[PDB]
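Beneath this line is the structure, given in structure tokens, with notes to follow.
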Amino acid sequence: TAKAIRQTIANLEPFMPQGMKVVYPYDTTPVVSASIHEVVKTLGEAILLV
Amino acid sequence: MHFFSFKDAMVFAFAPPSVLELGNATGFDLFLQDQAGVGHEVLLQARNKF
Amino acid sequence: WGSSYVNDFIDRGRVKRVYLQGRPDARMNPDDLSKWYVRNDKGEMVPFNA
């Protein structure tokens, strides 16, 4: 749904006026992506080191 | 479509698709939308240009 | 003082609202609430602090 939001505004920014932009001051999905990436990184190192 | 080429009405005859539940005409279809808030006549002349 | 919403109005193709309220300097202190007048039955105006 975060990707759906980021793509459903990405087709709206061509129609924005020149004195505007969009940023994301508050977001929670990067810690989810970083957590799952970190745990699969630890598992991928673990299965070769053993 | 040869006999109906008469003066008064712009009569258009066709056959429905084989599944009438799915649409009423074969071929593509699309919408032209006003995103910036421009008036109706601009979209009308854009439709005429298209 | 209650900001009554009366009906709708069109703006740039989108439907918006029209509100009704006094000016800010008419409502900032308690004695400013004494600045308002009501019309009685026979026609004339009577102040609110009366």
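All Cβ positions, even for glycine, are placed from backbone atoms using ideal geometry, and neighbour counts span all protein chains on display. Rule-based calculations on the coordinates, nothing more; no lab input.
Yes or no: segment B:27-42 includes at least one residue that is surrounded by 10 or more Cβ atoms within 10 Å (Cβ to Cβ), more than 20 Å from residue C:14 (Cβ to Cβ) and away from chain A (no Cβ under 14 Å). No, there is no match, as no residue in segment B:27-42 is surrounded by 10 or more Cβ atoms within 10 Å (Cβ to Cβ), more than 20 Å from residue C:14 (Cβ to Cβ) and away from chain A (no Cβ under 14 Å).
Conditions tested, residue by residue: (1) farther than 30 Å from residue B:42 by Cβ; (2) in contact (Cβ under 8 Å) with a residue 24 or more places away in the chain; (3) not in a helix (DSSP H, G or I).
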residue: C:2; (1), (2), (3): yes, no, yes
residue: C:7; (1), (2), (3): no, no, yes
residue: C:18; (1), (2), (3): no, no, yes
residue: C:22; (1), (2), (3): yes, no, yes
residue: C:25; (1), (2), (3): yes, no, no
residue: C:28; (1), (2), (3): yes, no, yes
residue: C:42; (1), (2), (3): yes, no, yes
residue: C:46; (1), (2), (3): yes, no, yes
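Return the total of residues in segment B:3-26 being among the aliphatic types (A, V, I, L, M) and surrounded by 10 or more Cβ atoms within 10 Å (Cβ to Cβ). Before you say what the answer is, go through the steps one by one.
The first filter runs over segment B:3-26 and keeps only residues among the aliphatic types (A, V, I, L, M), leaving B:9-11, B:13, B:15, B:19-20, B:22, B:25.
Still in the list and also surrounded by 10 or more Cβ atoms within 10 Å (Cβ to Cβ): B:11, B:25.
Number satisfying all stated conditions: 2.
Looking at B:48, B:24 in this structure, which one is under 30 Å from residue C:11 (Cα atoms) and more than 14 Å from every other protein chain (Cβ to nearest Cβ)?
B:48 is the lone residue from the list that is under 30 Å from residue C:11 (Cα atoms) and more than 14 Å from every other protein chain (Cβ to nearest Cβ).
Just one of the listed residues (A:50, A:40) is β-branched (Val, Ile, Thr) and exposed (fewer than 10 other Cβ atoms within 10 Å of the Cβ), and it is A:50.
Residues that are in contact with a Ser or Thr (Cβ under 6 Å, 6 or more places away or on another chain) and surrounded by 10 or more Cβ atoms within 10 Å (Cβ to Cβ) within segment C:1-48 comprise C:21, C:48, listed in sequence order.
Is there a residue in segment A:5-12 that is more than 22 Å from residue B:35 (Cα to Cα), touching a residue at least 12 places away in the same chain (Cβ under 8 Å) and of a type outside the set (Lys, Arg)? Write out each step before concluding.
Quick first cut of segment A:5-12, residues more than 22 Å from residue B:35 (Cα to Cα) only: none.
Checked segment A:5-12: no residue is more than 22 Å from residue B:35 (Cα to Cα), touching a residue at least 12 places away in the same chain (Cβ under 8 Å) and of a type outside the set (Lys, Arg).
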